[PDB]
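To start, I am sharing the structure in question, which I have written as structure tokens.
All Cβ positions, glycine included, derive from the backbone under ideal geometry; neighbour counts span all protein chains shown. Where a number appears in this text, it was derived from the coordinates with a stated rule and is not lab data.
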Amino acid sequence: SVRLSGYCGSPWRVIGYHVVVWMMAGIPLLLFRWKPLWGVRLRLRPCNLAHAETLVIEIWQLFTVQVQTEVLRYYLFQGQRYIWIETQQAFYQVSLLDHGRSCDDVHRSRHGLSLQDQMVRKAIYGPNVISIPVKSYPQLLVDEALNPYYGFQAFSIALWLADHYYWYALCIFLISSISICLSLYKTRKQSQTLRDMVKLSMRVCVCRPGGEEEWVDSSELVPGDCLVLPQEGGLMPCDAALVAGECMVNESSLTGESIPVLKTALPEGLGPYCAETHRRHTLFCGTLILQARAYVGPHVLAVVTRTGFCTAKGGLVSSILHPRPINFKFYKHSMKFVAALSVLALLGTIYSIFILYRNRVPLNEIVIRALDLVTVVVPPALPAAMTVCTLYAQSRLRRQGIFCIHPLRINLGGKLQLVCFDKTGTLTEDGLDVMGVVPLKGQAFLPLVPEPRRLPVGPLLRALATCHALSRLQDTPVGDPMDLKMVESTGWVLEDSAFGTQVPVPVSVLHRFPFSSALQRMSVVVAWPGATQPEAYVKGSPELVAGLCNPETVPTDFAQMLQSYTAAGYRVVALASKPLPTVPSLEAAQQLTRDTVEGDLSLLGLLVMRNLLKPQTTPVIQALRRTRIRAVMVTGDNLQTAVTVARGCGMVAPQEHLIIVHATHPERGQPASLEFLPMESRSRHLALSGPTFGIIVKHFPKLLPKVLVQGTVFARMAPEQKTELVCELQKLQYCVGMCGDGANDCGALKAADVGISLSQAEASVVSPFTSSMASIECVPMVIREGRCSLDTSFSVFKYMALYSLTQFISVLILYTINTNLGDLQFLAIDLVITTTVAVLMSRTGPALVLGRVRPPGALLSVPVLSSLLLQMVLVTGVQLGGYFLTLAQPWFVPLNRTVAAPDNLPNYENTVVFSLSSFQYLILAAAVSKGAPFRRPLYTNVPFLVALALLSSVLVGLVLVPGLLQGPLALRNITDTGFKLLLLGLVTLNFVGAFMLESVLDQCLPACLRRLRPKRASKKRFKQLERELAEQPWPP
Ligand SMILES: CC(C)CCC[C@@H](C)[C@H]1CC[C@H]2[C@@H]3CC=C4C[C@@H](OC(=O)CCC(=O)O)CC[C@]4(C)[C@H]3CC[C@]12C
Ligand SMILES: CC(C)CCC[C@@H](C)[C@H]1CC[C@H]2[C@@H]3CC=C4C[C@@H](OC(=O)CCC(=O)O)CC[C@]4(C)[C@H]3CC[C@]12C
Ligand SMILES: Nc1ncnc2c1ncn2[C@@H]1O[C@H](COP(=O)(O)OP(=O)(O)O)[C@@H](O)[C@H]1O
Ligand code: ALF
Ligand SMILES: [Mg+2]
Ligand SMILES: [Mg+2]
């Protein structure tokens, strides 16, 4: 649901808003950007929608859109025009302006669009350009700089400059600049990807009315404008309908299917035009026209129906630009965790104020120093660390050959609990192998003919040779792999469309109804010289086609034979025919209605084909099942073939059970019924067809969750059924991933949390994730790298927390004795050590093998909190131990209490504390960087390892080598060498202790937690169902 809110312009209120929110404070701006409804209400008065000058959009999320004027006024929301419909006093999307006009209306527009009407319509529909705005670099800098985080960083810069800490201010500025530049790089790279995806600049001639023509730019097109297509072909600039002609088009960009598709002229009729119903008659935007020819007339004509963002390409681009929010929140209790850190920060700030009062510090300086302490705990480099983490993850995936359009989905990839796989072309090879054809002799099957070439010239051989959608492209047939192999098996050569016998008269294809996955069948109308009348051949699902055949033509053995070939793993389609009493000619034969042809056939035979499992499929499936990630197969193929492939690919290990759920339709006199018939060779899976799934969803919503939880093979699923299944699974709190290659999986890939399409280009739009490899190996890679990304982000957050608390502790310890860290010591710690380490942590790659244990989801969990508190206890212990150990030395000289830092620097206390803390930052970075089970070991990150080694060596030099940077850093020299070695020993003790503590926690904490407060259950619906089924299996 949506709603508008119009606010007519008023300058007095605007200036009042400006003065109030500028003079008062920035807090009103903060809460306005948090709650903008108040801001808009204050800025201007609600007004009549017709008089509206600004609109607020609720979908609640509030968006503000200016109502532009061009006599005609409109407004763009998410790239969608809405014009001012004067008669209805409302804003209707331009998508609906011409909607509903009949096919005959399109054929009337066929001739062209009047130039005056063209310019009248260009304003309404706008230029035919999917435009991704190209923001100027200053505009982007404004986009990022206005972040309140960078506002606080600028406040810190000012505060430190006021205190004469110039190097620290420079450090803050440099880190903020690095963060801003990394954000710029991220945004610019994403925008460049999209922009380069949706480039289009070409000149297309338009059949202007009156019979003449005109060469216009592709951006001048408007719905109803007439396209004349180039005979040799070219990129299609806008969605259109084929009024006249036939077109071969490559829809790979739009759907990822590289096989050329056949496009035909729109059929005249008094019914509404629809890009979905008439998809076969409509060219799409961004698809390549391989070659089109005109059956009648000098040139092929098409009529534009959708331009700009209205197009399907435009719809996908808009969905990318404004993605649906990710429902999962990766870092649970993030606010509560930052609050548990802020309580410590506030306690320390109060303690700092108390001590500074105790030391009799002037109130002008007490507030300044407490404010400085406040600025300490905000890490300048946190945004840079996060953005670098995401960039490294994306780069790793791209190097592996997997491209993600929304990098935020990478984290989701590691949270997958269920993966749905298309069977054909994803688990099994794209190619087929004709094992033979099973002809019929009356009402009984004959022995399999392994070589169809030897079939006598008759209905079956002509059906094999002719029932398909092949097209000769550059003297090479192209089309469905099944059609290619079927035709090749017969030896007939493609040359409407005619076929030449292998060596027996050539046969013409008068008319052809293409294959639709929803219909899961396909037919043609055929005639040859000497034919009394044309014959229509149908080729589709064996069980569906057998329904169209006359009951006396289908053998009583049909089910058993089809299962004999299907239960062996073959891919079977049936061929049926019926003589058409129409006179053989394109005139009548081209006017046939598909339904008139499909019904009342006469089964001819079964075409058995051998589709093989990909070599890489079984290892991947077994790896997925080893880590308790449910593997589900959603396919449109036969149920027995699907089950055999599942048993062969490890989705059903031999020991495990399998039960076929079969649902009977609610025929008259009885309701729908569920019957479970187990088939002999967690531990129990279910298999069910598509009609059975629909019956279960409609009539057994109570048992539907139990079917979904333990259902593994979903066969004979239509594309809408695949999308519905994905949605239903997601309703069980599953994190569903879908790995399908075909175009019939577009809906599932959109709906799935993680959608992967296998055979794609360097980049694409079809699905969130796209790969270049033909195997399903991308699924384990995506899951592994998503787990690595989650662990890396958690480790970076933990390190920044530890990094902050350590600096906080150091500064508190130094305040307690009336001194500070130092001008250049702050720079060193924040930039040379911490930024380097934080940006190098994330470069480490993912673990090579998936593991059963999932990455943690909560930042506030007892493990993480205990780790942080124990680490900080060790850090404070080490720093205070060093501080109290230096006081014990005979050569110790206490700092000058009276003068305050940086005046009292250098001194022994600051020197010792700085040395220990500087080592501790590297120690903590090494401690938090866990390798297993989600990442590679630390040492495989050669940049990060080298950074640690070099920084540690430099710090040891500072401690040991006299005079090294002891002036620039304001470090006091410690003549005693035994105490230097004692400081190094304390540092080594901390280095060992942090790692031992981390290991002890990560090993013995989960066991103690389980044995202490075991979880009664899990909020996940599917986990509840799993436990319930274990308690009581649903099928007895
Ligand atoms: C004062 C000194 C000691 C501070 C040193 C800081 C550097 C270690 C940091 C600052 C920003 C970091 C960069 C920020 C992010 C990236 C992006 C990354 O490159 C890509 O992601 C592109 C790959 C592709 O095309 O897919 C390489 C590392 C790099 C440049 C980082 C390398 C390390 C950098 C230069
Ligand atoms: C005070 C003086 C005497 C010492 C100053 C030391 C720093 C300037 C050095 C120590 C380690 C150096 C870092 C060591 C490793 C690298 C990795 C390098 O990036 C890569 O290695 C990416 C390579 C790839 O992607 O193939 C960026 C610079 C950086 C962080 C160096 C930046 C400068 C650092 C922090
Ligand atoms: N060119 C074609 N013409 C007619 N039917 C086909 C063709 N190719 C495949 N089929 C049939 O369509 C049905 C469903 O196809 P689809 O939805 O793509 O799933 P899959 O092809 O993976 O089995 C299959 O059972 C198959 O027999
Ligand atoms: F195997 Al499929 F749609 F390609 F079910
Ligand atoms: Mg497929
Ligand atoms: Mg198919």
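Of the listed peptides 193-201, 437-445, what is their order by residue-averaged count of other C-beta atoms within 10 Å, with the highest listed first?
437-445, 193-201
When the distances between all Cα atoms of the range 434-609 are binned every 10 Å from zero, what whole-number percent does each bin get?
Going from the shortest bin to the longest, the percentages are 10, 41, 38, 10, 0.
A further question on this structure: If you take the square roots of the eigenvalues of the alpha-carbon gyration tensor of the range 699-806 and sort them as a ≥ b ≥ c, do you get rounded (a/c under 1.5), prolate (a/b over b/c) or oblate?
Since a/c reaches 1.5 but b/c is at least a/b, the shape of the range 699-806 is classed as oblate.
Based on the Kirkwood radius over alpha-carbon pairs, what is the Stokes-Einstein translational diffusion coefficient of the range 891-1010 at 20 °C with 1.002 mPa s viscosity, in µm²/s?
Stokes-Einstein gives a translational diffusion coefficient of 129 µm²/s.
Once you have a ≥ b ≥ c as the square roots of the Cα gyration tensor eigenvalues for the range 526-609, tell me rounded if a/c is under 1.5, and otherwise prolate or oblate according to whether a/b is larger than b/c.
prolate
Okay, next question. Which order do the peptides 206-217, 721-732 take when ranked by the mean count of other beta-carbon atoms within 10 Å per residue, highest first?
Per-residue mean Cβ counts within 10 Å order the peptides as 721-732, 206-217.
In Å and on Cα atoms, what radius of gyration and Dmax does the range 1-97 show?
14.8, 47
Hey, another quick one. By its C-alpha gyration tensor, with a ≥ b ≥ c as the square roots of the eigenvalues, how is the range 587-726 shaped: rounded for a/c under 1.5, else prolate for a/b larger than b/c, else oblate?
It comes out oblate by the Cα gyration axes.
For the range 204-321, just the Cα atoms, rotate onto the principal axes and tell me the three extents in Å, largest first.
Cα extents, longest axis first: 41, 32, 28 Å.
Ok, one more. What's the center-to-center distance, using Cα atoms, between the range 2-58 and the range 723-794 in Å?
Taking the Cα centre of each part, the range 2-58 and the range 723-794 sit 41 Å apart.
Another question about this same structure. If packing is taken as the average count of other Cβ atoms within 10 Å, what order do 392-401, 671-680 fall into, highest mean first?
Order by mean packing, descending: 392-401, 671-680.
In the neighborhood of residue 692, defined by Cβ-to-Cβ distances under 12 Å, what is the net charge if each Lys or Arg adds +1 and each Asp or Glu adds -1?
+1
Next question. Scale the Cα Rg of the range 644-770 by the rule-of-thumb value 2.2 N^0.38 Å and send over the ratio, two decimals.
1.15
Right, another one. What ratio of Cα Rg to 2.2 N^0.38 Å holds for the chain?
Cα Rg divided by the expected 2.2 N^0.38 Å: 1.15.
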